[PDB]
Structure formats: C-alpha cells, structure tokens
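K.L.:
Have a look at this one before I ask anything.
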Amino acid sequence: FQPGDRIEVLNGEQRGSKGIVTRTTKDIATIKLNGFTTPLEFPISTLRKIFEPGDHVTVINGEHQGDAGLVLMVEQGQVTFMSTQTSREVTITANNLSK
C-alpha cells in the first residue's frame, strides 16, 4: 500500500471501515478512517484496496502481471477492467492492482 491509497478494513473491531493510508512500513499501515479523528495502525493483511469504475490500473502481482486498463466494475474486492492488451474484460483481486 502507498500513502493516499483508499482501503477497507477486512477484520477486527474496525471491520468494514473505509479510509486512506497515511503511512506504511513493510508490515504496518497507518490509516485515517472515514469519521475517525486520528489514524490507526493495522497489519497489512487486514486491508484491501478500494477501486471504482473509471479508475485506471495495472496488475502488479500474479499471472496477469503487466496487464492494465480502465476499471469497469468492482465487487467486493474483485475488480474488472478492460485490458489494453486484449480489449477483453479481465477480473483481478484488488490488492494485485495499482492505480
């Protein structure tokens, strides 16, 4: 994750909360959650990126690494984009993508 990334929390007391990364080490991301007045720290595995249709992404990790395109739909961490390499829809889990 990078500062500025929008994420959601997947587990623990803040599960379902959404916010923005302000700070990250390799193992701990500090997030300013929507509504909360100061930032909180989370282990990286508890977080997931939030994309939206109209975002543009590249695949950073897995079998489709290097594929890229315009995001068309997003459903619970499954992100579908229009591939610039094949002009077909490809769906990839959110944490394997980067804006």
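Every chain in the structure tokens takes a letter, A first, then B, and so on in the order presented; its residues are numbered from 1, and the ligands are numbered from 1 following the presented order.
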Find the residues near residue A:86: any atom within 12 Å, counting only C-alpha atoms, skip ones fewer than 3 places away on the same chain, and give them as a ChimeraX atom specification.
P.N.:
/A:64,67-69,81-83,89-90
K.L.:
Do a neighbour search on stretch 71-74 of chain A at 9 Å with only C-alpha atoms, toss out local chain neighbours closer than 3 positions, and write the hits as a list in words.
P.N.:
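In the requested format, the answer is residues 50, 51, 52, 53, 54, 55, 56, 57, 77, 78, 79, 80, 81, 82, 89, 91 and 94 of chain A.
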K.L.:
Would you kindly return, as a PyMOL selection string, each protein, DNA or RNA residue with an atom no farther than 12 Å from any atom of stretch 34-37 of chain A, considering only C-alpha atoms and excluding same-chain residues fewer than 5 positions away?
P.N.:
chain A and resi 6-9+14+16-21
K.L.:
Kindly save the residues from that selection, with C-alpha atoms included, as a short mmCIF file (atom, residue, chain, number, x, y, z; two decimals), in the first residue's frame.
P.N.:
```cif
data_model
loop_
_atom_site.label_atom_id
_atom_site.label_comp_id
_atom_site.auth_asym_id
_atom_site.auth_seq_id
_atom_site.Cartn_x
_atom_site.Cartn_y
_atom_site.Cartn_z
CA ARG A 6 -8.19 4.11 -0.30
CA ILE A 7 -8.77 0.88 1.58
CA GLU A 8 -11.28 -1.02 3.60
CA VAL A 9 -10.63 -2.99 6.80
CA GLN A 14 -12.86 -1.85 12.61
CA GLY A 16 -15.97 -2.79 7.25
CA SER A 17 -14.47 0.68 7.92
CA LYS A 18 -13.02 2.62 4.99
CA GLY A 19 -10.16 5.12 4.98
CA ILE A 20 -6.92 6.37 3.49
CA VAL A 21 -3.38 5.22 4.04
#
```
K.L.:
One decimal, in Å: what's the spacing between atom CA of residue A:44 and atom CA of residue A:31?
P.N.:
10.7 Å
K.L.:
Using backbone DSSP assignments, extract all strand (DSSP E) residues from chain A; output them as number ranges by chain.
P.N.:
A: 6-9, 18-24, 28-33, 40-43, 47-49, 56-59, 68-75, 78-83, 89-93, 97-98
K.L.:
Emit the selected residues as a tab-separated table (two decimals), in the first residue's frame, including N, CA and C atoms.
P.N.:
```tsv
chain	number	residue	atom	x	y	z
A	6	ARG	N	-6.93	4.37	-0.97
A	6	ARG	CA	-8.19	4.11	-0.30
A	6	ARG	C	-8.32	2.62	-0.06
A	7	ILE	N	-8.69	2.27	1.17
A	7	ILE	CA	-8.77	0.88	1.58
A	7	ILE	C	-9.99	0.63	2.42
A	8	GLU	N	-10.29	-0.63	2.60
A	8	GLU	CA	-11.28	-1.02	3.60
A	8	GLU	C	-10.65	-2.02	4.57
A	9	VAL	N	-11.15	-2.05	5.81
A	9	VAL	CA	-10.63	-2.99	6.80
A	9	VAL	C	-11.43	-4.28	6.74
A	18	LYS	N	-13.80	2.20	6.17
A	18	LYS	CA	-13.02	2.62	4.99
A	18	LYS	C	-12.18	3.85	5.30
A	19	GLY	N	-11.03	3.98	4.63
A	19	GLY	CA	-10.16	5.12	4.98
A	19	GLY	C	-9.01	5.24	4.00
A	20	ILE	N	-8.04	6.02	4.34
A	20	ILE	CA	-6.92	6.37	3.49
A	20	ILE	C	-5.64	6.08	4.26
A	21	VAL	N	-4.71	5.51	3.45
A	21	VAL	CA	-3.38	5.22	4.04
A	21	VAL	C	-2.64	6.55	4.21
A	22	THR	N	-2.05	6.77	5.39
A	22	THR	CA	-1.25	7.96	5.60
A	22	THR	C	0.23	7.61	5.67
A	23	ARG	N	0.51	6.39	6.10
A	23	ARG	CA	1.87	5.96	6.40
A	23	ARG	C	1.98	4.43	6.28
A	24	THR	N	3.08	3.90	5.79
A	24	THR	CA	3.27	2.45	5.79
A	24	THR	C	4.72	2.00	6.02
A	28	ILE	N	3.13	-2.70	8.67
A	28	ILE	CA	2.03	-1.94	9.36
A	28	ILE	C	1.64	-0.73	8.52
A	29	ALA	N	0.36	-0.64	8.18
A	29	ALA	CA	-0.15	0.57	7.51
A	29	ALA	C	-0.96	1.38	8.52
A	30	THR	N	-0.76	2.70	8.46
A	30	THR	CA	-1.44	3.64	9.33
A	30	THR	C	-2.53	4.27	8.45
A	31	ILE	N	-3.77	4.24	8.94
A	31	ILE	CA	-4.92	4.60	8.12
A	31	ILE	C	-5.72	5.68	8.82
A	32	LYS	N	-6.16	6.69	8.06
A	32	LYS	CA	-7.13	7.61	8.58
A	32	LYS	C	-8.50	7.16	8.10
A	33	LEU	N	-9.30	6.59	9.00
A	33	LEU	CA	-10.60	6.03	8.63
A	33	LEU	C	-11.61	7.15	8.55
A	40	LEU	N	-5.16	5.12	12.74
A	40	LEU	CA	-4.99	3.84	13.43
A	40	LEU	C	-4.05	2.95	12.64
A	41	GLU	N	-3.41	2.01	13.33
A	41	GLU	CA	-2.44	1.10	12.69
A	41	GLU	C	-3.07	-0.27	12.50
A	42	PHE	N	-2.77	-0.87	11.35
A	42	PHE	CA	-3.27	-2.18	11.00
A	42	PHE	C	-2.18	-3.02	10.40
A	43	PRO	N	-2.21	-4.31	10.65
A	43	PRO	CA	-1.36	-5.23	9.86
A	43	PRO	C	-1.80	-5.24	8.41
A	47	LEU	N	-6.20	-5.49	5.28
A	47	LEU	CA	-6.67	-4.38	4.47
A	47	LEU	C	-6.85	-4.77	3.02
A	48	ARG	N	-7.72	-4.05	2.35
A	48	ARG	CA	-7.91	-4.27	0.93
A	48	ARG	C	-8.17	-2.95	0.19
A	49	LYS	N	-7.52	-2.78	-0.94
A	49	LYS	CA	-7.67	-1.57	-1.73
A	49	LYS	C	-9.11	-1.40	-2.21
A	56	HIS	N	-7.99	3.75	-13.47
A	56	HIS	CA	-7.12	3.08	-14.43
A	56	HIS	C	-6.07	2.31	-13.64
A	57	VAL	N	-5.86	1.04	-13.98
A	57	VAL	CA	-5.00	0.19	-13.17
A	57	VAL	C	-3.98	-0.62	-13.96
A	58	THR	N	-2.90	-1.03	-13.28
A	58	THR	CA	-2.04	-2.04	-13.82
A	58	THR	C	-1.99	-3.21	-12.84
A	59	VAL	N	-1.74	-4.42	-13.34
A	59	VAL	CA	-1.64	-5.59	-12.48
A	59	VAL	C	-0.20	-5.77	-11.99
A	68	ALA	N	-3.36	-4.27	-17.91
A	68	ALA	CA	-3.71	-2.92	-17.42
A	68	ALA	C	-4.96	-2.47	-18.14
A	69	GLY	N	-5.64	-1.47	-17.56
A	69	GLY	CA	-6.76	-0.83	-18.29
A	69	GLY	C	-7.75	-0.11	-17.41
A	70	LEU	N	-8.88	0.23	-18.02
A	70	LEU	CA	-9.92	1.02	-17.35
A	70	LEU	C	-10.81	0.10	-16.52
A	71	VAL	N	-10.99	0.42	-15.25
A	71	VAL	CA	-11.88	-0.38	-14.40
A	71	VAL	C	-13.34	-0.13	-14.75
A	72	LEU	N	-14.08	-1.22	-14.94
A	72	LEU	CA	-15.47	-1.16	-15.39
A	72	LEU	C	-16.46	-1.50	-14.28
A	73	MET	N	-16.10	-2.47	-13.45
A	73	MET	CA	-16.88	-2.77	-12.25
A	73	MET	C	-16.01	-3.30	-11.12
A	74	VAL	N	-16.55	-3.20	-9.91
A	74	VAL	CA	-15.84	-3.60	-8.72
A	74	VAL	C	-16.85	-4.22	-7.80
A	75	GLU	N	-16.59	-5.46	-7.40
A	75	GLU	CA	-17.47	-6.15	-6.48
A	75	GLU	C	-16.71	-6.86	-5.37
A	78	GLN	N	-13.21	-7.83	-6.06
A	78	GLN	CA	-12.98	-8.28	-7.46
A	78	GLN	C	-13.11	-7.14	-8.41
A	79	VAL	N	-12.03	-6.84	-9.11
A	79	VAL	CA	-12.01	-5.65	-9.96
A	79	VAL	C	-11.94	-6.10	-11.41
A	80	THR	N	-12.90	-5.60	-12.21
A	80	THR	CA	-12.89	-5.97	-13.63
A	80	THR	C	-12.50	-4.75	-14.44
A	81	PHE	N	-11.49	-4.91	-15.30
A	81	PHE	CA	-11.04	-3.83	-16.18
A	81	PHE	C	-10.99	-4.25	-17.64
A	82	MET	N	-10.99	-3.26	-18.52
A	82	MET	CA	-10.89	-3.51	-19.95
A	82	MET	C	-9.40	-3.56	-20.30
A	83	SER	N	-8.92	-4.73	-20.67
A	83	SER	CA	-7.49	-4.90	-20.92
A	83	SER	C	-7.01	-4.10	-22.12
A	89	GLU	N	-12.47	-8.01	-21.06
A	89	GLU	CA	-12.54	-7.84	-19.61
A	89	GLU	C	-11.69	-8.86	-18.90
A	90	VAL	N	-10.98	-8.38	-17.89
A	90	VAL	CA	-10.16	-9.23	-17.05
A	90	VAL	C	-10.53	-8.85	-15.59
A	91	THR	N	-10.67	-9.86	-14.71
A	91	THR	CA	-11.00	-9.62	-13.28
A	91	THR	C	-9.89	-10.10	-12.39
A	92	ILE	N	-9.47	-9.23	-11.47
A	92	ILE	CA	-8.27	-9.44	-10.64
A	92	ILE	C	-8.64	-8.93	-9.23
A	93	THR	N	-8.12	-9.61	-8.22
A	93	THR	CA	-8.35	-9.18	-6.83
A	93	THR	C	-7.68	-7.82	-6.59
A	97	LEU	N	-3.55	-4.97	-7.81
A	97	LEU	CA	-3.65	-3.86	-8.77
A	97	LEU	C	-3.11	-2.57	-8.15
A	98	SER	N	-2.69	-1.66	-9.02
A	98	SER	CA	-2.28	-0.34	-8.62
A	98	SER	C	-2.78	0.70	-9.60
```
